[PDB]
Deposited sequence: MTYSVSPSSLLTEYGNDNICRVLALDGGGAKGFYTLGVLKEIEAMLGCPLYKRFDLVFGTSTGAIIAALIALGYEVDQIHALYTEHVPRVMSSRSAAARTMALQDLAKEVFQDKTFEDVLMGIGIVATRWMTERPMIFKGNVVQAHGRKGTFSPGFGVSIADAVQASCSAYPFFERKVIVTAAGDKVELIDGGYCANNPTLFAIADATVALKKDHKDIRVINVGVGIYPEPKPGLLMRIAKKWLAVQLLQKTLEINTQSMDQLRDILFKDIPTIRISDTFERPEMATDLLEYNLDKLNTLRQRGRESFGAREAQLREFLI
């Protein structure tokens, strides 16, 4: 039943795929990825060596690392994601998100992957990023007592990264060693995991800078549709996601990188954690495909 029958030989060049976090804006990510596999003609896990999605990557990265194809990812996304954001609450949203992770990821763990994976979350008590992984070669410290995915299924590891404090309740995690960790959304610490993934493919799995091909895929920038100290909250988050893209620009310059995210200006865009109109989201998917065509010349050079 497979329609992609292309075989690419092994090489000494790593290819990293770093997805960003946008919530319900993942349709822009599905649009650009749907034409990336078409240029390759093969499943994505057969060409890439590392995927590091954050909150939305948690979803698309976990599905890509299992061996899914973008047609199947898009089918599940349009059917269930608009149902999650339909409830205006914090407990009711976590209840619905609980079943979505259960139906798509039944019982699989971080040993059923076919490539290097990593999901970003945030510890609420010590304020440090919690990065799930799949292999012991990606760890930097404490080589002993290493348990892939902390012995936790994909159902909880992804849902924990999706607990957006302002919209979702907090998520508790029980490690294989009995540790009861409480987590929240992974965006608060890093919303653009490009800096982490490059640090993952440079310290662990030591490779040269000239032998890495990083491809970042955002969600695009959109105009926004009682300032009780809430303006600062919005500002400190933007200052946080900014100055990181500025940081990796100074630290990693000799590493070829491509970012796919276009800014929109006309008053026809809206927020993400409240958009549930099928027609509204359908327009974002087409905009992502157009953004691919303008850069198809360079993407063919890297992905070959």
### Query
How would you list, in order, the spans of the deposited sequence that the model does not cover?
1 to 6, 232 to 241
